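Below is one structure; the comments refer to it alone.
Counting neighbours? That spans all protein chains shown, and the Cβs are built from the backbone with ideal geometry, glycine included. Every read-out reported here was derived from the displayed coordinates using simple, explicitly stated rules and does not represent laboratory data.
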Amino acid sequence: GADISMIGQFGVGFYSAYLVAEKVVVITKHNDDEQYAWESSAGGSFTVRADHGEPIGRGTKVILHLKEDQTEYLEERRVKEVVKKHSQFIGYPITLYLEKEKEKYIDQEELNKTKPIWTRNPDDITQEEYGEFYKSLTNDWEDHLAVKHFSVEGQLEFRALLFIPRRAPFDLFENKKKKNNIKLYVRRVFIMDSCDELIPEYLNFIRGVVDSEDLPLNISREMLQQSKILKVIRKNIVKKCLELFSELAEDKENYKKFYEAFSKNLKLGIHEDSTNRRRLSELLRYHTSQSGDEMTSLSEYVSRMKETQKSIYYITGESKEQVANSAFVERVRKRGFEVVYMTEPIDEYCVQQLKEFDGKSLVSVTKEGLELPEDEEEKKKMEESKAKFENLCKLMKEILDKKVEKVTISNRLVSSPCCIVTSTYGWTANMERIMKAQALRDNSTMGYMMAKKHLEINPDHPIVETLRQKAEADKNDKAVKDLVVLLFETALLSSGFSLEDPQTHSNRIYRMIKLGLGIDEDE
Amino acid sequence: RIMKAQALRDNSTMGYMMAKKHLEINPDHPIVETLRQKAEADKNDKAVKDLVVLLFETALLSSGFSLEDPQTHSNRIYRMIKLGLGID
Amino acid sequence: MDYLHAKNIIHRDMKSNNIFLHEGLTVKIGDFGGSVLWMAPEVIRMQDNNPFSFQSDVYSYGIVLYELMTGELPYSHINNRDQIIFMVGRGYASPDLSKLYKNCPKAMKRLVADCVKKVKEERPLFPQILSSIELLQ
Amino acid sequence: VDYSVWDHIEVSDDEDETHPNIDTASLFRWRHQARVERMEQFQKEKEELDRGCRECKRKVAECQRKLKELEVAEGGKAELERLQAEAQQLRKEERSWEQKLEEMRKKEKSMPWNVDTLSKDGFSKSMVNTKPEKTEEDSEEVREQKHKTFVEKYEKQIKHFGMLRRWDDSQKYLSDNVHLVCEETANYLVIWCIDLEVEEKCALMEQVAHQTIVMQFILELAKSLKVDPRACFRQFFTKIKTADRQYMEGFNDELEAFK
Ligand SMILES: Nc1ncnc2c1ncn2[C@@H]1O[C@H](COP(=O)(O)OP(=O)(O)OP(=O)(O)O)[C@@H](O)[C@H]1O
């Protein structure tokens, strides 16, 4: 139990000089002996000669004579690149010597300025000094938002440092495959960049280093001989940077600054991390009908959730105000419920997998069969409405039969004549919109995932009441047929479906303007 | 359309990048002819103000541009359809 | 199932629901899944508390293969809960071949009939079943 | 250099061994379940082992106490003799429990490693960087503080920039520009092309053209976007496009001629 650890085990590394040199010379002087010179061209034999040059006092000189093919290792830029990459955390200073141009000379120091501060105890490191390390580690201009320092002991022994960058980098969503955010060190010598095995794809915004004292290394010391040990590292890392967020979530003003910078990455991991999505869902926040100025946690919805609610009501669409005004939302607002607004394309992919939260199911406000708890004095109105409108909805299908699967009276409308909702299974209007717009997805096989449109009408609203009077006189009257396509088009348009034939609607509203201007017969 | 549908939008930068619109009118068309005759008879007519927006929105749709608020287009179309059904 | 069983991994009550069918020619085993159970009688009885042996899953595969062949529940008209529990547990019952489709050729319908006969048997045939169905295609 | 300690490790949640005909996310939770149940049956085996050990240890000890009592004032051999047969049977049973005690620790060694046998936690600390200070200072005192510190920097720039309108000085410059993250530079180089407009030599002003066109384009993009001019970066200067070549000389003429 002496307190040194060194990089010595294999015994072959010195002969790597002959990758680059044609001849090698070593002058050494050890205490308790005289100075000798050792020389070889890797030719199967070497010579040892007592040296009589300048006094060294103590030390070694390794003189490589280079191959012409390798001349670039003499240059300042390549010595800088290599020592920064591989060796910047050697304890002892590393120094370089060159010329100036007044005219003559320089020496240069500190190719390894930065100390490997993860060796120091976390009580003895200031929040300034962590930030000073981070800048250099990442080559950034600005400090970290938060940091985690931990260690593991037993058979797999390591130190670690984790940083949460303050603003996402411009390239974060992109796939340049450098995977350099996490660095693996053994005994303070660099082994590898993470190569997507130390941290999951969606957590790749984390900058840090892992340092362990021993690991089954490959003969070139670039790789691990037992690959599974990288996964046992990743299960520790992933678990702890999750804990980091929670602590960060007690600091509300920093949390919103984190969340606005990285929110999608959480959601991207709901879609992919089948184990931790319980934990990750508690980190989500959204806008809602209540507190429309600031996001609220999904647990807070439950806290406020009325004793009669059985589910969490949500709606997805192109913006906050477009969602807040949408025709599906009026009844749930009137009845004092809370609607969650989900206004990003990525919300569809996390909502596919987040089927429930805290034992409560998530229900879409834009799907058929929407249940909102019933009053018996409402239930009787619904029954007599269903009875009186039966002819209108039957005749409306009899005209519109190609386009809708089903037609019925609406339960979620106030202040609009009609709306269109999708079947329970398949893409709602917004997910159709997004899937149609993908650059590299084959939509030909959509047939099993496309939902079917069920049309619902407001029994109270004047236009639908008038339409039962209009349909009453003549079931075959084209003038009521012509509404039930125009109203359908107008309802589609509000619900997020594209017109597959937009010119027809346009020409209708231009024929409407020929009414509004008194020129409908061109006279 | 495509950029707005991407999962990994990077939405702030695209919110700058989106380029602006120019409206084109057909000089020979009965609508433009009428609207001009109306606007020449009274430049400040609330009817031509209400027209120019209704006309404009229709051109967004035919050009591939979505509305800011599809609901208010539909309310304005229903303010017209209540004439169409004699309701109010 | 073949790739699975090679790892001594057993889930009881393999069924037609816990399997998922996706876009493309794409069918894939899951875990989500009184209630509609399908069982070897060894599992039904109180007798041995770990009825874990692979043969149970093979015979339960034989049941879901007959669902694939019938497109309607086994025992759907024959029984209520008392008869379907008791007679199967006593080893004294079979679902009807009336619902098994005759648009199947002799090769696979006979192999499915052997998947009924496996109730009588202790044979963990999965790689050889796989060979048999594969080659009969 | 033996690595045999690392030979066998069990990892649930491994993507390198998912079968294509199985729902991957189902298989991980299902493979995790098997690990924990295997461990619990082996923990139960340690309880039944210890039950067997305790019974033998106690019953041999009770037999030994009665043997020692029966050796005091000997006479009536039946007890003392039968306790040799009881000690023998209890020892024979104990030797089976000793074989099971060896089999226990041998099986604990022979089972593969996993995520919570390989490891136990050491120290752990989590810190949040409570924000840097924000401030404001007069246009005169900041422009003086920049200029008085920049009398060496902008000399070092016209010299290191000194090869015209191509890649070379970017290798030297972009690291030094970390000092210039604070710069507001738009004034100085141009006040310098303004300094001797009556008399100045073409090379040094053509380097102001180059510095100012590249930096001023960046500053226009930094107004046009959220970005810091160190974070947005001269990777974009690789572009062959006509917008560098034609427009550069057009503005060189405009900015030289007007003053
Ligand atoms: N400058 C030096 N001063 C003292 N001893 C040295 C020096 N350079 C090499 N050695 C000696 O030469 C031996 C061989 O070194 P070499 O790099 O080839 O193997 P190693 O360091 O032991 O293992 P590895 O291949 O992993 O680096 C060392 O173990 C050490 O005894």
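Give, as residue ranges, the helices (runs of 4 or more DSSP H) completely inside the range D:141-259 that count at least 3 residues that are surrounded by fewer than 15 Cβ atoms within 10 Å (Cβ to Cβ). Counting at least 3 such residues, we get D:168-176, D:202-224, D:242-257. Condition (residue is on the phi > 0 side of the Ramachandran plot and over 11 Å from the mean Cα position of the chain (by Cα)) applied to the range B:66-83: is it met by at least one residue? No. In the set A:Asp460, A:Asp482, A:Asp474, only one residue is within 11 Å of chain B (Cβ to nearest Cβ) and surrounded by fewer than 19 Cβ atoms within 10 Å (Cβ to Cβ); that residue is A:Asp482.
Within the range D:123-140, restricting attention to residues that are surrounded by 11 or more Cβ atoms within 10 Å (Cβ to Cβ) and among the charged types (D, E, K, R), the residue that is farthest from the other protein chains (Cβ to nearest Cβ) is D:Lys131.
Taking the range D:1-52 as the range and being at the interface with another protein chain (Cβ under 8 Å from one of its Cβ atoms) and hydrophobic (A, V, I, L, M, F, W, C) as the test, the residues that pass are D:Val1, D:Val5, D:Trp6, D:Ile9, D:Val11, D:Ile22, D:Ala25, D:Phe28, D:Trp30, D:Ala34. Screening A:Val407 against (1) more than 29 Å from A:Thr296 (Cβ to Cβ); (2) of a type in the set (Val, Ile, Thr); (3) surrounded by fewer than 16 Cβ atoms within 10 Å (Cβ to Cβ) leaves a single unmet condition, (3). With respect to the conditions (1) more than 30 Å from A:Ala168 (Cα to Cα); (2) in contact with a helix residue (DSSP H, G or I) (Cβ under 7 Å, 6 or more places away or on another chain), D:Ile191 falls short on a single one, namely (2). For A:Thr490, the requirement of being part of a helix (DSSP H, G or I) and crowded, with 20+ Cβ neighbours inside 10 Å is met. Out of A:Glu307, A:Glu294, A:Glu318, one residue alone is in a loop (DSSP other than H, G, I, E, B), of a type in the set (D, E, K, R) and within 14 Å of chain B (Cβ to nearest Cβ). It is A:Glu318. Counting only strands (runs of 3 or more DSSP E) that sit completely within the range A:9-107, those holding 3 or more residues that are away from chain D (no Cβ under 14 Å) and either more than 16 Å from the ligand (Cβ to nearest atom) or loosely packed, with under 14 Cβ neighbours inside 10 Å (or both) correspond to A:47-50, A:59-66, A:96-99. All conditions in (1) hydrophobic (A, V, I, L, M, F, W, C); (2) away from the ligand (no atom under 16 Å from the Cβ); (3) within 30 Å of D:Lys172 (Cα to Cα) hold for A:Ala2, with the sole exception of (3). Within the range A:364-376, which residues are within 25 Å of A:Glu432 (Cα to Cα) and crowded, with 17+ Cβ neighbours inside 10 Å? A:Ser364, A:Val365, A:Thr366, A:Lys367, A:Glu368, A:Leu370, listed by residue number. For the range A:334-358, the set of residues classified as away from chain B (no Cβ under 14 Å) and assigned to a helix (DSSP H, G or I) consists of A:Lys334 only. A:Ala451 satisfies every condition listed in (1) of a type in the set (A, V, I, L, M, F, W, C); (2) closer than 28 Å to B:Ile81 by Cα; (3) touching a strand residue (DSSP E or B) at 6+ places or on another chain (Cβ under 6 Å) except (2). If you go through the range A:493-514 and keep only what is outside any helix (DSSP H, G or I), at the interface with chain B (Cβ under 10 Å from one of its Cβ atoms) and surrounded by fewer than 17 Cβ atoms within 10 Å (Cβ to Cβ), you end up with A:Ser498, A:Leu499. For the range D:112-122, the criterion of a residue being more than 14 Å from chain A (Cβ to nearest Cβ) and out of contact with any strand residue (DSSP E or B) (no Cβ under 9 Å at 6 or more places or on another chain) is satisfied by no position. Of the candidates A:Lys360, A:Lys334, A:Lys380, the single residue that is out of contact with any strand residue (DSSP E or B) (no Cβ under 6 Å at 6 or more places or on another chain), basic (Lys, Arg) and farther than 27 Å from B:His73 by Cα is A:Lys380. In the range A:145-156 there is no residue matching the filter, namely being over 30 Å from the mean Cα position of the chain (by Cα), within 13 Å of chain D (Cβ to nearest Cβ), surrounded by 13 or more Cβ atoms within 10 Å (Cβ to Cβ) and over 25 Å from A:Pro200 (Cβ atoms).
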